[PDB]
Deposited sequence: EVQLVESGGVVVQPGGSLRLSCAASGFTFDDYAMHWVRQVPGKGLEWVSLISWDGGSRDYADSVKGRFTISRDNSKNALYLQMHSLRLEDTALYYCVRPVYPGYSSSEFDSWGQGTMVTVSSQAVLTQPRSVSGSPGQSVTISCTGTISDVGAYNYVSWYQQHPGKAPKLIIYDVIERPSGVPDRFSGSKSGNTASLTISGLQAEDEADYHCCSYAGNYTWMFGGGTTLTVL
């Protein structure tokens, strides 16, 4: 019943400016921190910005600081991302995201809009592609530092099928939201967190993404494709 609708995506020239919009419903907006995440061409999921439930706290990815301004208007149940000084690097599908839980440091995102394409024209490490056979067991690496993965117990994995937004399948390193079947497990040793899939169905031919808390009020992702050999 939770619905996040994004809007604003358009082709812009570098130097240009643009304001994205999110409309929320199906939960008490007034309680949650609200994030923006972007899906870059080639380079996977990139956390952007987050804003506290009352607008008093805002944080930003370094790639974005002092060119992007996150803000909200609870009376309209809205969340905006004002963009300035746009660059080629900013070309991406921009998602509007709310975390599983309330609180500023919630590290699991179960709710994602469809995303609004933003085109400008005049990093944790994952295996790019991996391959197993139906019934066999693959695993997927997620290597970061002792300031992201190795620092905290807030590692999450997200699945994504074509035309859909990320679906949260593992949270807090070893937890599984209702309905995820237990042939998906997750672990973490040192700065490397791993998603392992047993009993491999062909409905798992998809993409798989990890995310870790990265300290301060900050998150980071990666990118990896599974082909079930048929």
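Query - Deposited positions lacking CA coordinates - result: In the chain as deposited, only 123-124 carries no coordinates.
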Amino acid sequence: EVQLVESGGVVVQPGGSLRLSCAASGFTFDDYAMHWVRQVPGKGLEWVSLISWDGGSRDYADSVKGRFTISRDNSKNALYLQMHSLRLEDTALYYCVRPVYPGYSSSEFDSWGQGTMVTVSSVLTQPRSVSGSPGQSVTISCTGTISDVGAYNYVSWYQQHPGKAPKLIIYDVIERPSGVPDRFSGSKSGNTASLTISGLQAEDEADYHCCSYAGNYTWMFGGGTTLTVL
From here on, numbers count along this sequence of modelled residues.
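Query raised in the report: Of 198-206 and 172-180, which one has the bigger average CA B-factor?
Result: On average, C-alpha B-factors are higher across 198-206.
Query raised in the report: Which has higher Cα B-factors on average according to the PDB entry: 181-189 or 45-53?
Result: Taking the mean B-factor of the alpha carbons in each, 181-189 is higher.
**Report entry** Candidate residues 21, 216, 13, 212, the one whose C-alpha B factor the record puts highest
**Finding:** Each of 21, 216, 13, 212 was compared by C-alpha B-factor; the highest is 13.
Requested in this report: Can you pull the Cα B-factors for 111, 106, 126, 153 from the entry and say which is highest?
Outcome: Top of the list by C-alpha B-factor: 126.
Report task. Check where residue 165 lands among this chain's C-alpha B-factors and tell me if it's the lowest, middle or highest third. Result -> Tercile = middle for this residue's CA B-factor.
Requested in this report: Pull the Cα B-factor of residue 74 out of the PDB entry and bin it into the chain's lowest, middle or highest third.
Outcome: Its C-alpha B-factor belongs to the middle third of this chain's values.
Query raised in the report: Against its chain's modelled residues, does residue 59's Cα B factor rank lowest, middle or highest third?
Result: Bottom third by C-alpha B-factor.
Report task. Using the B-factor values recorded in the entry, state whether the Cα atom of residue 116 falls in the lowest, middle or highest third among the modelled residues of its chain. Result -> It falls in the bottom third of the chain.
Query raised in the report: Lowest, middle or highest third of the chain for the C-alpha temperature factor of residue 147?
Result: It falls in the bottom third of the chain.
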